[PDB]
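Undergrad: Got an experimental structure here, sequence first:
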Amino acid sequence: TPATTXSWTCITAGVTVXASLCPXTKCXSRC
């Protein structure tokens with residue numbers, strides 16, 4: 001796995017948590 005320096009993996013994994021609680025996350029962002 002050519003996972004250089006925090007690529008897609010780092011992106012998706014982190015994004016997911018924020019959109020979980022992070023304010024503004026359920027306001028149409030996921031609904």
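TA: Yep, that arrived. Numbering: from 1, shown residues only.
Undergrad: alpha carbons only for contacts and neighbour counts from here, please
TA: OK.
Undergrad: where's stretch 8-16 relative to the chain centroid, distance-wise?
TA: Here stretch 8-16 shows a centroid-to-chain-centroid distance of 5 Å under the convention CA atoms, centre = their mean, to the nearest Å.
Undergrad: What are the contacting residues of that stretch?
TA: residue 3 (CA atoms under 8 Å, 6 or more residues apart in numbering).
Undergrad: What residues does residue 29 make contact with?
TA: Applying CA under 8 Å, 6+ apart, we find residue 29 in contact with residue 19.
Undergrad: got the residue ranges for the helices in this structure?
TA: 8-21 (DSSP state H).
Undergrad: Relative to residue 2, how far out is the residue sitting nearest the centre point of it?
TA: The centroid of the chain falls nearest to residue 15 when counting by CA atoms, centre = their mean (0.9 Å). Separation of residue 15 from residue 2 (CA to CA, to the nearest Å) stands at 21 Å.
Undergrad: just residue 23 next, same as before
TA: Counting by CA to CA, the gap from residue 23 to residue 2 is 33 Å.
Undergrad: Likewise for residue 12?
TA: Distance from residue 12 to residue 2, by CA to CA: 16 Å.
Undergrad: quick one, which of the two is more surrounded?
TA: residue 12 (10 against 5; other CA atoms under 10 Å).
Undergrad: now that one: how far from residue 30?
TA: To residue 30, residue 12 is 15 Å away according to CA to CA.
Undergrad: what does residue 23 give?
TA: Using CA to CA, one obtains 12 Å as the distance from residue 23 to residue 30.
Undergrad: cool, residue 17 as well?
TA: The gap separating residue 17 from residue 30 is 12 Å, by CA to CA.
Undergrad: before we move on, what about residue 14?
TA: Applying CA to CA to residue 14 and residue 30 gives a distance of 16 Å.
Undergrad: What of residue 15?
TA: Taken as CA to CA, the span from residue 15 to residue 30 is 12 Å.
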